[PDB]
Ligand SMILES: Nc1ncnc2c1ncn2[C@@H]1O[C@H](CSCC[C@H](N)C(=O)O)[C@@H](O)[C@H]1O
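Quick heads-up: it's one chain on its own, the form solved without the ligand, in structure tokens.
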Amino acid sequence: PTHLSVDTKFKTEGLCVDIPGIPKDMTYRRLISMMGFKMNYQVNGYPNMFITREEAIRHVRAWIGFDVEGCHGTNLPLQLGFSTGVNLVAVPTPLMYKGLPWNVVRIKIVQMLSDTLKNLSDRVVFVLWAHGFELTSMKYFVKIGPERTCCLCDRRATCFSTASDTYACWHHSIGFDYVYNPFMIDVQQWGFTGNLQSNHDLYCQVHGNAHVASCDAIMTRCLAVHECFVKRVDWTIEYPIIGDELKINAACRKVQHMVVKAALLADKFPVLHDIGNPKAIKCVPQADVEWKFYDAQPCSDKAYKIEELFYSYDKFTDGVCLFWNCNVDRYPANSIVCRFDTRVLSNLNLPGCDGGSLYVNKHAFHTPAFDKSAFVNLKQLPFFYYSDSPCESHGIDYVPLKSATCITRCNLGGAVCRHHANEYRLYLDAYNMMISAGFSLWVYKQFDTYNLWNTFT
């Protein structure tokens, strides 16, 4: 059972107001046929337009909420809404567009999906709360057939052009008019009681309902993300590399060792309380400090309450607390914190549920909304590079580095050596990479890098 069988049953109750008299007994085979499509018994990689929940989760980057609301049905104009906030009006002659014929509307759909998805995924997955008109309107902008490759590259074809009779991926589809071999999933098939708004509003207060198609498309995809990533967590699913994943992760490890090593040297804490990932390793293995670990998985729903993490059914005020990607409601004053900023715009960070975001880097992690009040007892950690390694070149060109934040023996004694200048510029690069990826660094208010210069005597 790799793909969804076309002979699987489809509950049609959600479709009977737009489609009166719809048979209660219905398969994907008959539904696809009713949508105007013909599969012709094809063993060419596209077995079903509809996919399983497991296949949807593996392709979460391809999710596009899609809803159709009749304005006035081949006689009436339809309002097409996408979770990108777009609203197109198609006439059969929250960005709102006036009524236009299908032949131009379809050109807009290809442009929009291609610009949204080219850097996220090899496909589109239409996430639906199916009532009828979205499924019947698909014949006006979708073409299906065997799996194909792009005319200009080796990626799979996601668009077709009737003008040139050719196929293209999301990167080479300028001027293409048809969505080719899209996927889709109906959230109503998962077994919900009540309408979309009642189920969405149980977990999310950020998305409202103006009553436009895009508000529904947004609520649909948000509810799907809550079911698949907030209340159900699968950290075994691996996602492909689509950007700077490897560099961001390497940078995170470099920054962690640096910031923690310098806090232990500056304030000489006797104990460090490492709260977070149960698979954590000591980031500063040579530090003298008593290292104590506390297990707390990444919270995907609401941020951890510090009152529950610290409750003993043990002296957290002694030494320092390390919360590296451990999202709590209010950090204690003696803390070193890395907190992912859910507001960040990137190909890795997808929109989420209740203000949160879906950070996808090797694994998918729904992160609770960034909250500035979490850090009231702390301050923003400033950039600095620290090194006690010998000043020795070994082995790229050079311009002399002058910086007040290069905390080294060579800078203390006047001129920064070539080694520490190379290492400083590489560390600053990793630092900017981690910050731009969305991570934010916070530290206890007494943290002062002036205390690092005396470690050179």
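The first residue of the shown sequence is 1; numbering continues from there.
Beyond the structure shown, there is the form solved in complex with the ligand, which is absent from this document and is the topic of what follows.
For this session: Check the shown form for clashes with the ligand: superpose the C-alphas around the site so the partner sits as in the deposited bound form, and report blocked if 3 or more ligand atoms are within 2.4 Å of backbone or C-beta atoms, open if none are.
Result: Blocked, per the superposed partner pose.
Next item on the list: Examine residue 166 and determine whether its closest non-hydrogen atom to the ligand in the deposited bound form is within 4.5 angstroms.
Entry: No, residue 166 sits far enough from the ligand in the deposited bound form that none of its heavy atoms falls within 4.5 Å.
Review point. Counting only non-hydrogen atoms and a 4.5 angstroms cut-off, does residue 278 reach the ligand in the deposited bound form?
Key: Residue-level check for residue 278: yes, a contact with the ligand.
ask   = According to a 4.5 angstroms non-hydrogen atom cut-off, is residue 379 in contact with the ligand in the deposited bound form?
value = Looking in the deposited bound form, residue contacts with the ligand do not include residue 379, since no heavy atom lies within 4.5 Å.
Q. With the cut-off set at 4.5 Å between non-hydrogen atoms, does residue 365 touch the ligand in the deposited bound form?
A. Residue 365: yes, in contact with the ligand in the deposited bound form.
**Study point:** Answer option from 328, 223, 128, 159, heavy atom within 4.5 Å of the ligand in the deposited bound form
**Key:** After the contact test, the surviving option is 328.
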